[PDB]
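The data below hold one chain only, encoded as structure tokens and taken in the form deposited in one PDB entry.
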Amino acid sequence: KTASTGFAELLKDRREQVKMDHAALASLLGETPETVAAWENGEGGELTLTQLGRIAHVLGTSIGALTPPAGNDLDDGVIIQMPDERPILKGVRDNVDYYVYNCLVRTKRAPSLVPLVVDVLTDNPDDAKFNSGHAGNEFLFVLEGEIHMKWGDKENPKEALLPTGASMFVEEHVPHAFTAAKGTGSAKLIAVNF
């Protein structure tokens, strides 16, 4: 469902839910009731983020409650990604390169799923650059090499040496960092955020 069509349906649902007619809602938004009826006819495409915020406010809810879900990009419940159509971004932490991300398949039907194959380019644990923690949990598996993992308080972190084949779970918001085991050059991880 497109933005304006989904909005049109949800706006009407919410308005009816709080027992308001077009007139009542219009009176709260500096518009005519005809303009409100138009939005419910799919003509709200040009409403600004600020205006949507006001619409959600007077209707006592959130913009999210008035907009459609991400959508369906599946083929009868499945979506596949071939190896060479894999995205690749440079993870630089502290003005120096840390990670080379190879993006795996993603889907609007499960937006939190962000799987990646990460090449860890540094092998100096003291170079470990902590992130702030992720929304969502994360499963990891050491694909190649040896990983020196750190987590928790960046000033007094927990640490573990993970050989190839090892797997780990890191809870949402837990800060963590990764590097190849001291002097081992480089390692590879498959990281699955979910």
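Start at 1 with the first residue shown and count on from there. By rigid core we mean the largest C-alpha set that fits within 1.5 Å across both forms. Shifts are known only where both forms have a C-alpha.
J.: State whether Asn95, though modelled here, is left unmodelled in a third or more of the other entries compared.
T.: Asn95: unmodelled in at least a third of the other compared entries.
J.: Compare the mean C-alpha B-factor of 74 to 82 with that of 94 to 102 as given in the PDB entry, and name the stretch with the higher value.
T.: Stretch with the higher mean C-alpha B-factor: 94 to 102.
J.: Highest mean C-alpha temperature factor of the two stretches 179 to 187 and 7 to 15, which is it?
T.: So the stretch with the higher mean C-alpha B-factor is 179 to 187.
J.: Of the options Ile88, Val117, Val114, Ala110, which has the highest CA B factor as deposited?
T.: Answer, based on the entry's C-alpha B-factors: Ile88.
J.: According to the deposited entry, which of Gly133, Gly53, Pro69, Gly30 has the largest Cα B-factor?
T.: Across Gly133, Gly53, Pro69, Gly30, the entry lists the biggest C-alpha B-factor for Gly133.
J.: If you rank the chain by CA B-factor, which third does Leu59 end up in: lowest, middle or highest?
T.: It belongs to the lowest third of the chain when residues are ordered by C-alpha B-factor.
J.: Would the CA B-factor of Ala160 place it in the lowest, middle or highest third of its chain?
T.: Middle third.
J.: Comparing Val36 with the other modelled residues of its chain, is its CA B-factor in the lowest, middle or highest third?
T.: According to the entry, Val36 has a C-alpha B-factor in the chain's middle third.
J.: Lowest, middle or highest third of the chain for the C-alpha temperature factor of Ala128?
T.: Highest third - that is where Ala128 ends up once the chain's C-alpha B-factors are sorted.
The same protein also has a form deposited in another entry, omitted here; what follows describes it.
J.: Might you check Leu74, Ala110, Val96, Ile88 and identify the only one whose CA position changes by 2 Å or more between this form and the one not shown on rigid-core superposition?
T.: Of all the options, the C-alpha that shifts by at least 2 Å belongs to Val96.
J.: Okay, core lined up, where does the chain shift between this form and the one not shown, counting runs of 3 or more residues with each Cα at least 2 Å away?
T.: Run with every C-alpha shifted by at least 2 Å: 91 to 98, nothing else.
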